[PDB]
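Step one of this worksheet: look at the structure below.
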There are 2 protein chains.
Amino acid sequence: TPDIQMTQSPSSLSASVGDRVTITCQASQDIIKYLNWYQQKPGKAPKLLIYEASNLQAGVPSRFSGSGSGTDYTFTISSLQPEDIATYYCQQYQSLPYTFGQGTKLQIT
Amino acid sequence: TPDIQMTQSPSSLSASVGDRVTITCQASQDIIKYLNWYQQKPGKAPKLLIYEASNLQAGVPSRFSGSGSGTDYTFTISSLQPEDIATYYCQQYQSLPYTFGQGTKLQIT
């Protein structure tokens, strides 16, 4: 069985405080809605932000949101803040092995 | 609902090539068997090694194995190899939000 390949773009981004930022993920096969988004700050374990494409988890600020279906999904930060500097990942769980996108490093200009 | 907290030990380990290495992960509540193990090399995304406590994924060397149930789980490398140097994490998926242990950094002496 071929793995499902997740393609994330862009691989790095720098923006100013208060700007809007979007990250996309595309799957090589339809995964219906089974996609998660994680945040990882340096030296730390990943933290689940959004479950099943669009369900925001507890303790996550409302300026984060997720959308999409089929093969194409989007992660949005409506107003970038300093504490948001991290690497962000998408992950599919439609089929084993679960795979991650390559990651987007976010930095402030 | 309280989160389920995962406690991983040790947080860091140094060992020689050919040694046996074990990493433990304990949950603050019974998670039955719903625990995954991931490998992460620096600058790279995590890779799923083991699903539902003991099911080894494709492409993974047979020197890796997983065991446990209830609240206590173990990850074993039967013979440490240089390509094994990475950070390893456990993750529960019995309840949302899914949580990770703090990670074990593995290095060679």
Condition first: under 18 Å from B:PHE100 (Cα atoms) and of a type in the set (D, E, K, R). Now tell me which residues in the range B:24-67 satisfy that.
B:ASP30, B:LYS33, B:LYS41, B:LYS44, B:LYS47, B:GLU52
For the range A:1-35, how many residues are over 22 Å from A:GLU52 (Cα atoms) and of a type in the set (D, E, K, R)?
2
Which residues, taken from the range A:22-52, are within 14 Å of chain B (Cβ to nearest Cβ) and assigned to a loop (DSSP other than H, G, I, E, B)?
A:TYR34, A:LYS41, A:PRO42, A:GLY43, A:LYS44, A:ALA45, A:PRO46, A:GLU52
What strands (runs of 3 or more DSSP E) lie completely within the range B:55-109 and have 2 or more residues being polar (S, T, N, Q) and surrounded by 13 or more Cβ atoms within 10 Å (Cβ to Cβ)?
B:64-69, B:72-77, B:87-92
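Positions of Cβ are backbone-derived with ideal geometry, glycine not excepted, and every protein chain shown enters the neighbour counts. None of the figures in this text is laboratory data; all of them are computed from the coordinates on show.
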